[PDB]
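Novice:
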DNA sequence: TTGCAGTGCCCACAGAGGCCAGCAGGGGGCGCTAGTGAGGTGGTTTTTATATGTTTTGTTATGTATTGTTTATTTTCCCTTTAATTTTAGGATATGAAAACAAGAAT
Ligand SMILES: Nc1ncnc2c1ncn2[C@@H]1O[C@H](COP(=O)(O)OP(=O)(O)O)[C@@H](O)[C@H]1O
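Numbering (PDB author numbering), first residue to last: 2 to 89.
(1) Whole angstroms is fine: what's the gap from residue 87's alpha carbon to residue 18's?
(2) Pull up the distance between the alpha-carbon of residue 49 and that of residue 82, whole angstroms please.
(3) Run through the DSSP bridge pairs and tell me what residue 7 is partnered with.
(4) For residue 65, which residues does DSSP report across the bridge?
(5) Where does the unbroken alpha helix (DSSP H) through residue 21 begin, and where does it stop?
(6) Give me, in chain order, the residues of the same chain whose beta-carbon lies closer than 8 Å to that of residue 21; leave out the 5 immediate sequence neighbours on both sides.
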């Protein structure tokens, strides 16, 4: 089928658990500069798995919320997707 | 002797014509002068002409500037040869990141 929606925890300006909306056949993510939007794609690649450098980040302990400043949100992060396919 | 018919003489006063002064006619020759007219001489200027001085024009010589000339040092186009310099593996490093182990903590 396709990807229904994405769930993030303590990752790239995403405090706590927030349910991102369900994804239709063609949606879009729009916002001004520095709004924290490419990080959604970074999480998509992350749950798919890829080396840290292409996520404009090193050592993979900087990916937690608040880590680039220097004060992490916690030592604990979830990311989770739900794939929706036909046959219910 | 006389009357009558006819003659002689003396005068005189118009009568007449030469004499004469007066006076007017024509044209000959001289005394004198006003007023031009022309001709000759002298003065003046003047005008042409001639000679001298100054300046203007023409010719000659020297210096400067322009054009040309064979050098002559660029200069620049064209070779063959290096001296950096770049590119391609090939090995080694490093720093990360899972992975396993060991250490609290809970059940
Ligand atoms: N964990 C984080 N917490 C807070 N701010 C962050 C965090 N990671 C990145 N940022 C900052 O958020 C800003 C938004 O950029 P980013 O999140 O990368 O996405 P986008 O490029 O779509 O704006 C950047 O200045 C980035 O440095």
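Even for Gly, the Cβ is constructed at its ideal location relative to N, Cα and C.
Specialist: Looking at the coordinates:
(1) Residue numbering aside, residue 87 sits at position 86 when the first chain is read from its first letter. Residue numbering aside, residue 18 sits at position 17 when the first chain is read from its first letter. Whole-angstrom Cα-Cα distance: 27 Å.
(2) Taking the first residue of the first chain as 1, we reach residue 49 at position 48. Taking the first residue of the first chain as 1, we reach residue 82 at position 81. Computed Cα separation, rounded: 10 Å.
(3) As a working note, residue 7 is residue 6 in the first chain. Beta-bridge pairing links residue 7 to 82.
(4) What you label residue 65 is simply residue 64 of the first chain in a count that begins at 1. Looking at the DSSP output, residue 65 bridges to 12.
(5) For the purposes of this step, residue 21 is identified with residue 20 of the first chain, where counting begins at 1. Where residue 21 is concerned, there is no enclosing alpha helix (DSSP H), given that its DSSP letter is neither H nor E.
(6) Within the first chain, numbered from 1, the residue matching residue 21 stands at position 20. Correct list, in chain order: 6, 7, 8, 9 and 41.
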